[PDB]
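Take a look at this single chain, the form deposited in one PDB entry, given in structure tokens.
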């Protein structure tokens, strides 16, 4: 199923995460995205940063051409990188992403991060950035627009902005049972903004940002015990948890069996006591925990 965004477009509640580290050959993105779509994923999440938009766009285009899906059946997201926050760079950045994927529009374009970087931090009025995002929606380059990695104060800046034309439709943020973002989620619901969860499975645990001493979400004993009870897997439990919270949930896998397993999130339900047990895991643990972000004046996790 899908969720009605606050601008009237619709978003599939489960999305495919397409990020892979640079040691994974770029042709895997084409292959796995084709698998995702065959498996039943209709929401595909990419970004300028992932250096995979040609491959992902080709995968979407390949599945339109062969007859499996229609463009308007696919919800494709891309993201504005933090070196392009200056308002005059926004539209050309988006048009670059589209030429790379060879598509006419993105369903969703997001400000990837509030932590501006020089075109080595930058200072930019993100309200100016949002104005340019708005014009990309008027132009039809993006059906919807939203933000990513914003905390409550940052989201409030946009929402309170003088003569705002469009609210962000979503805020895509790290969100999983160790960092469930309850309060931020409550804020979003009260504003008709969708929370989209990334690293819903614990992240890829990339050395560049994630301490390998951190606990592995999918080895959690409460997730394991729910997986045993439901006869599913800890991944499916963590994904189903989010849908029942009203959170749209991304799942990255580059494995043919796991990609298919993840669509089974629609085949079962957790009870109220399951949801409470999982809610009890929250431990203010964000996996991305890096000097590269932490020392930024607009670091989202300062207000915690």
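Between two forms, the rigid core is the largest collection of C-alphas that superpose within 1.5 Å. Numbering follows the first chain given and starts at 1. Only residues modelled in both forms are compared.
Form deposited in another entry: not shown, discussed below.
- Taking 2 Å as the criterion, residue 288 does not count as shifted between this form and the one not shown: its C-alpha moves by less than this amount when the rigid core is aligned.
- Between the C-alpha atoms of residue 214 and residue 295, a gap widened by no less than 3 Å is obtained in the other form, as opposed to the form on display.
- In sequence order, 290-297 is the sole run of at least 3 residues present in both forms whose Cα atoms shift by 2 Å or more between this form and the one not shown once the core is superposed.
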